[PDB]
Amino acid sequence: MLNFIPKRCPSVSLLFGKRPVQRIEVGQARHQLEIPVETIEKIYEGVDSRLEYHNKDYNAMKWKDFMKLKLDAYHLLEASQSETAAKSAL
Amino acid sequence: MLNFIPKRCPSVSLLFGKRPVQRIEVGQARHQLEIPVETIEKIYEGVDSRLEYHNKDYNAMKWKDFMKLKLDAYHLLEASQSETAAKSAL
Amino acid sequence: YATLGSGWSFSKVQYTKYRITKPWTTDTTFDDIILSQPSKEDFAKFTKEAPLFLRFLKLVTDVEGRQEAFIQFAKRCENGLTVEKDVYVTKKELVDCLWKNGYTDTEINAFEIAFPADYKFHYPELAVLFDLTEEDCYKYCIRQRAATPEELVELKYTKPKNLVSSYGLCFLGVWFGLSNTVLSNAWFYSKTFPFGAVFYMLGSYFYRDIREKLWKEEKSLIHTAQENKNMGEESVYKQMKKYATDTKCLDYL
Amino acid sequence: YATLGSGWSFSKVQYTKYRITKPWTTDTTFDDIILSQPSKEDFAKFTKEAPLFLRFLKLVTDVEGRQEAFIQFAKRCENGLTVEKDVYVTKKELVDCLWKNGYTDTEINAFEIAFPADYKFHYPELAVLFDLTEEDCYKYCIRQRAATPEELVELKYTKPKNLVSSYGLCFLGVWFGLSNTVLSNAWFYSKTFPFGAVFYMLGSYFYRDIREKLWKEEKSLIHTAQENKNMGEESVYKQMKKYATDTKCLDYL
Amino acid sequence: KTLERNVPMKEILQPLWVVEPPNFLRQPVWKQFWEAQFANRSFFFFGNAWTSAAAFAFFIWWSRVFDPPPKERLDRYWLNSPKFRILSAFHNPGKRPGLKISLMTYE
Amino acid sequence: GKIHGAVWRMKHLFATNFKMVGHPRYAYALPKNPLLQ
Amino acid sequence: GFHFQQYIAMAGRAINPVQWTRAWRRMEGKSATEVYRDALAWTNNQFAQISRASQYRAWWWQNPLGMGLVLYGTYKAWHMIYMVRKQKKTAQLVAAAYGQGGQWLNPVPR
Amino acid sequence: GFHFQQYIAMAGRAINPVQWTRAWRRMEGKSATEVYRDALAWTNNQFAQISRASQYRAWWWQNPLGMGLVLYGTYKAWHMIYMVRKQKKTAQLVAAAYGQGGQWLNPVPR
Ligand SMILES: CCCCCCCCCCCCCCCCCC(=O)OC[C@H](COP(=O)([O-])OCC(O)COP(=O)([O-])OC[C@@H](COC(=O)CCCCCCCCCCCCCCCCC)OC(=O)CCCCCCCCCCCCCCCCC)OC(=O)CCCCCCCCCCCCCCCCC
Ligand SMILES: CCCCCCCCCCCCCCCCCC(=O)OC[C@H](COP(=O)([O-])OCC(O)COP(=O)([O-])OC[C@@H](COC(=O)CCCCCCCCCCCCCCCCC)OC(=O)CCCCCCCCCCCCCCCCC)OC(=O)CCCCCCCCCCCCCCCCC
Ligand SMILES: CCCCCCCCCCCCCCCCCC(=O)OC[C@H](COP(=O)([O-])OCC(O)COP(=O)([O-])OC[C@@H](COC(=O)CCCCCCCCCCCCCCCCC)OC(=O)CCCCCCCCCCCCCCCCC)OC(=O)CCCCCCCCCCCCCCCCC
Ligand SMILES: CCCCCCCCCCCCCCCCCC(=O)OC[C@H](COP(=O)([O-])OCC(O)COP(=O)([O-])OC[C@@H](COC(=O)CCCCCCCCCCCCCCCCC)OC(=O)CCCCCCCCCCCCCCCCC)OC(=O)CCCCCCCCCCCCCCCCC
Ligand SMILES: CCCCCCCC/C=C/CCCCCCCC(=O)OC[C@H](COP(=O)(O)OCCN)OC(=O)CCCCCCC/C=C/CCCCCCCC
Ligand SMILES: CCCCCCCC/C=C/CCCCCCCC(=O)OC[C@H](COP(=O)(O)OCCN)OC(=O)CCCCCCC/C=C/CCCCCCCC
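Protein chains in written order, with UniProt numbering: chain A, 1 to 90; chain B, 1 to 90; chain C, 83 to 335; chain D, 83 to 335; chain E, 47 to 153; chain F, 155 to 191; chain G, 2 to 111; chain H, 2 to 111.
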């Protein structure tokens, strides 16, 4: 994934927080996934506003947080690839 | 009206005599009118095949028959315009 | 060439400074049908999905009483129907034809509910569906496409031809046409560039005023003709409706 | 300018020898939005029919609890809504936005059943429907139109400018540029016309081979990137699904 | 049955004839010209009709004014003419016809 | 060109009238309408 | 106007000698009336294409003067390619026969 | 390339003297850095328009060589308009000072 976080201003992302939920399509099969808007808003605390790209519609996160996120993704992916993975995240 | 009779060949008028009825829209309001295909085919007895116009998709009638048709139309129209018209065509 | 179409809309076009663009293809090229005068082999081919049409065809054949045609067409069409791409008739045109030729409302509604609005029927489908010849269906489709020639048609791509001879002739042209003082003449600078530039500037500045002043009369004539047609048709229709009830005298007698 | 759009389709275009044509208009002209950089006053205006939208608006306002807005907008919009013509958002885009931002299936189905598929929402409609600012809605519509810039936008027609000075400068250009032996030179005939003509012929004959040989690598890279994205997303999703049932331990305890 | 013949477009789309203009009168030009003679103000070269222009042209052709000059009058204009000089030079490729022209004048 | 313009106007102004089967100055020669009385 | 490239290609094929043999073979069982009618039909097809397609289509060379500019350009190209070449030849001829300006000399004084 | 007509119009406005007074008034409360940044931004906007719109749009002058031909034409026009004019002036200067070819004469023999 890229470090491009869409601006939640209505001129860019119309209707961001009008409802308490976000939805996304995942993969080639386009599975649906719903995510709480608070879980999402947790990103805009690490978002950095000095940086703006792609027609000034996307900000960038701080590398610390972005790489923590990438590491969680990578851990999940390698666990999926492996077979001795733990049956729980506890 | 013009003396342009469409060719009933399927390369021109697809599905001419597949059914026993023809339909047309009339006027600005586009009233529907149904006409028997035999009443229509009566025209292709006066149609002249030597003459072909408009990409060779329309033949021309013989002037005698075409003008008889125009005269009937004109009589109906002037009767509609007049008020002393006969209440019946008998 | 004749101007085909059943529309009374007086339509003119204004041009841009950009060319028409189509998706990239390594084997096809888009062109105007009237300017190309293409043939069936010049047309490009593609594969179309059958099932949605084969279901309706099975229904129609079970109704009419001819299943050999359905079987043959299905065995021909399996793995998709290979057909010329830009030889088709739209659903709206087909429905208009059916209605004006006397097909029942049940059949028309079947067509409507069976096929999407943007479906495109090709000549083999038409032939197998109406028990006609593919030649006649092809000609009908071609006429209906020429009626709307603003849409480009897709042909097979062919390399240019006679490039070497054309290069020779163009070299000869420049060698004989630029070895002169024509583009540096007092005549040029005094008449050719001033008159031409003035005409170009006036045309660019009054491009639309001129067109409107010219087309005023044609627009008025077309309006008059359409109004006369409408009023006459309406009058005749209502008068025949008045006189429609003059046949029951006999069955009363 | 940035390349906006959410599509992964590697799209290239091939050109024709015909220009884009639009219906005749005495006051408007079609142009590219990025090349024109138009403003709100440069955009052309037109009147749109309200009722179909005003019904849905009344419903939404009765649901949300704000009827003053509906009353004001209806009194403003009566006799049609006067609005810029090519500043809109399509129904599909709006539905995608609603779905990804969390509007309920009931509301989405209401939108779908209420408006046709080819309906076009403008920024005043969006603002009055979502309690937003017309400025923000205008900017959003502009971004969504720039995402699809192949479609020309309709501006107010303006006469050409500076024609007299341009004529003077072009006369000066020809007077200084054609008073020479450049287009009749041995250098011309030996290098300029042969090299240029050979380049042109080779380009015309291998126009597509060159493009394909160049774009091969970019196509492969895009394919690889998309495959990696898909596989990673799927793996993460299925693993989180596996671990989704690790919260009930507490409520069991 | 299936279609295999390569159908040309000329069997479908017929082009209009525009090379030679239409004749809405459905009458030949000589008959038009003859009819104009009996119409008022269009007799032969009187009037301002096309037939009048055509008859005036034929009249000046039938006259003598446009015929070539006689040998007794050649040296008035023709022997000092650009057309004559250019033709003489062209048909005597590598020669100078000034002397022969002087002798033609003498003759 | 004059003839062309004349015919081009005659087309639009006559061919779709239903009232001009011929020219009005010669309507005396037309048959009589059986619907009038 | 249209198909100038096709016209150049036609001229090239015409000058190619092999095409001369091909045409010699094609002329077997053929009449002058047929040849003339075919050529006239080709020209009419070109002009009819123009008349029809100018109503709805615009070429890359479209301009506020339309096809008038393309026709003027055709004329000017013909002029500079043929007539000015003939003028050059005639100028050299006159300069070798009489001297420059020899065709505009005054008659010998009497 | 694009907007050549707009560029010609800009040159015309620039040479128009009234525009000189207009620019004199506009330069009130303005800095050289601002002027330079504005000009650089205008040039960048032109080139960015090109880079973006060449991906999906084709101009009337599109050809199998693309914008290379338009750029070559710009160069050739500049050449014939400015450099060949300067060459003509230099040629007349040299012909008046030394004679035709005077700048290529051999050194005086010793
Ligand atoms: C009265 C005084 C004056 C009298 C003197 C008159 C002098 C006349 C001279 C003769 C030339 C006439 C003008 C036409 C020229 C040809 C133009 C042409 O066709 O080019 C287009 C030709 C076609 O390509 P294209 O148009 O792009 O696309 C079409 C395809 O190619 C498809 O093309 P295609 O399918 O139609 O044909 C293909 C053909 C194309 O090849 C050619 O270029 C054709 C050249 C043929 C010349 C024949 C001259 C005949 C007259 C002279 C007699 C000589 C005796 C020989 C008799 C022939 C038997 C061997 O061959 C090939 O491409 C390769 C395959 C080979 C197959 C076999 C070909 C031979 C066929 C058998 C002979 C047929 C004879 C016909 C009977 C003629 C009766 C009158 O491409 C070329 O340009 C070829 C190169 C150009 C030739 C010159 C090469 C450079 C050398 C320059 C010479 C040196 C500079 C001068 C100094 C000389 C100092 C001494
Ligand atoms: C060191 C040794 C060398 C020293 C000597 C140097 C010699 C320099 C000579 C001066 C010329 C410089 C080159 C620029 C020329 C102007 C080019 C131009 O602007 O044309 C475009 C102009 C604009 O049209 P457009 O570009 O298509 O569209 C824009 C709109 O027009 C919209 O345009 P706009 O809104 O921007 O302006 C409109 C203006 C356009 O009218 C014009 O053409 C402007 C002409 C102004 C010339 C001023 C020359 C100043 C230098 C000489 C000083 C003379 C003392 C007078 C001082 C001025 C106070 C009265 O007027 C009008 O169109 C009509 C309304 C009138 C409103 C009032 C205008 C006057 C304003 C008050 C004066 C402002 C002075 C500014 C301070 C200057 C300080 C340096 O249209 C024209 O082409 C006008 C006709 C062209 C003029 C020539 C007419 C043919 C006569 C040829 C002369 C005879 C042949 C030569 C033989 C001579 C033998 C003696
Ligand atoms: C003389 C030529 C030789 C020049 C010197 C030798 C130099 C050799 C190097 C060549 C390098 C070329 C430079 C390439 C860089 C790119 C240039 C470019 O593409 O944009 C040019 C530029 C197009 O601007 P744009 O950014 O593409 O925007 C287009 C607009 O939106 C408008 O949109 P639109 O859709 O309405 O039209 C688009 C476009 C359409 O352009 C076309 O597609 C051409 C249309 C006809 C097709 C056939 C073309 C060739 C034969 C007819 C034209 C003859 C003139 C030669 C034109 C060469 C350019 C194709 O418009 C034009 O470009 C009009 C050009 C034709 C103007 C005719 C003026 C006649 C006065 C001269 C007397 C007649 C000719 C005398 C014989 C000359 C024989 C050499 O064309 C202009 O010149 C703008 C004129 C602005 C008004 C100025 C006041 C009127 C003065 C008229 C003369 C204007 C200067 C032209 C001088 C040539 C005539 C003497
Ligand atoms: C030198 C110019 C001065 C000439 C002498 C003075 C005469 C003055 C009177 C002018 C009268 C003009 C005649 C008007 C009648 C209508 C003509 C017409 O519109 O159709 C023409 C015709 C277009 O045919 P078409 O029926 O419209 O169908 C188009 C195709 O479908 C293809 O579709 P497409 O979409 O792919 O492309 C459409 C169109 C696109 O045309 C365009 O829009 C132009 C694109 C660039 C925009 C800027 C144009 C000006 C600056 C760049 C071009 C410089 C050359 C000047 C071109 C003038 C024409 C615009 O294609 C072309 O026309 C290509 C023309 C450019 C060929 C460049 C060859 C370079 C060799 C010479 C060295 C470089 C130049 C030296 C400096 C010369 C300075 C004067 O163009 C051709 O020449 C066909 C060539 C066929 C291959 C021949 C073998 C290669 C030989 C190359 C030279 C070909 C002859 C051109 C001589 C000029 C270069 C020396
Ligand atoms: C008078 C009633 C007729 C009125 C006109 C109605 C139209 C009649 C149509 C008749 C068709 C005749 C077609 C003639 C075809 C001509 C063929 C042709 O030209 O052959 C040559 C030959 C002429 O040869 P040249 O005399 O050598 O001329 C050489 C030029 N330098 O043709 C003729 O002879 C045509 C003769 C008729 C010429 C026209 C007569 C013009 C006379 C004008 C009226 C003169 C009035 C003078 C009255 C005198 C008052 C005191
Ligand atoms: C801008 C204003 C321009 C006006 C110029 C228009 C000039 C019009 C005058 C010409 C007509 C004058 C009538 C002369 C009749 C004289 C009496 C007469 O009948 O003599 C007959 C006599 C024929 O006799 P023969 O030669 O012996 O026949 C031998 C047969 N082989 O008629 C003639 O000679 C013909 C006279 C030719 C007149 C000169 C032609 C001039 C060319 C004019 C056409 C060019 C366009 C003119 C502009 C049009 C103005 C409307």
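Beta carbons: idealized from backbone N, C-alpha and C, even for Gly.
Identify, in the order they occur along the chain, each residue of the same chain with its Cβ nearer than 6 angstroms to the Cβ of residue i, setting aside the five sequence neighbours on each side.
i	result
residue 304 of chain D	92
residue 68 of chain H	2
From what residue to what residue does the beta strand (DSSP E) around residue i run?
i	result
residue 97 of chain C	95 to 105
residue 110 of chain D	110 to 113
residue 83 of chain H	Counting along the chain, residue 83 of chain H falls outside any beta strand (DSSP E), and DSSP gives it neither H nor E.
residue 59 of chain B	58 to 61
residue 128 of chain C	127 to 130
Excluding five sequence neighbours on each side, which residues of the same chain lie with their C-beta closer than 8 angstroms to the C-beta of residue i?
i	result
residue 86 of chain H	none
residue 170 of chain F	none
By alpha-carbon positions, which one of the options ends up nearest to residue i?
i	options	result
residue 80 of chain G	C/319, C/119, C/208, C/264	C/264
residue 316 of chain C	B/80, B/85, B/90	B/80
residue 46 of chain G	C/325, C/119, C/131, C/142	C/119
residue 172 of chain C	C/87, C/203, C/268	C/203
residue 101 of chain E	E/110, E/113, E/80	E/80
residue 40 of chain G	E/65, E/149, E/137	E/65
residue 22 of chain A	A/14, A/34, A/75, A/71	A/34
residue 51 of chain D	D/113, D/168, D/330	With chain D running from 83 to 335 in the structure shown, residue 51 of chain D is simply not present.
residue 2 of chain A	A/59, A/86, A/85	A/59
residue 309 of chain D	A/44, A/71, A/65, A/28	A/28
residue 52 of chain E	C/217, C/116, C/287, C/271	C/217
residue 108 of chain G	E/130, E/93, E/76	E/130
residue 156 of chain F	E/50, E/69, E/144	E/69
Tell me which residue opens and which closes the alpha helix (DSSP H) that residue i is part of.
i	result
residue 167 of chain F	156 to 168
residue 151 of chain D	150 to 159
residue 137 of chain C	133 to 146
residue 275 of chain C	275 to 287
residue 18 of chain H	18 to 27
residue 151 of chain E	144 to 152
Please return the same chain residues whose Cβ sits closer than 7 angstroms to the Cβ of residue i, not counting the five positions on each side in sequence.
i	result
residue 151 of chain E	121, 125
residue 211 of chain C	139, 142
Original post:
Taking the runs of the alpha helix (DSSP H) that are 4 residues or longer, which of them lie wholly in the stretch 162 to 237 of chain D?
Top reply: 173 to 183, 187 to 196, 205 to 212, 216 to 228
**OP:** For the stretch 21 to 53 of chain B, list the beta strand (DSSP E) runs that are entirely contained and at least 3 residues long, ordered along the chain.
**Re:** 21 to 26, 31 to 36, 47 to 53
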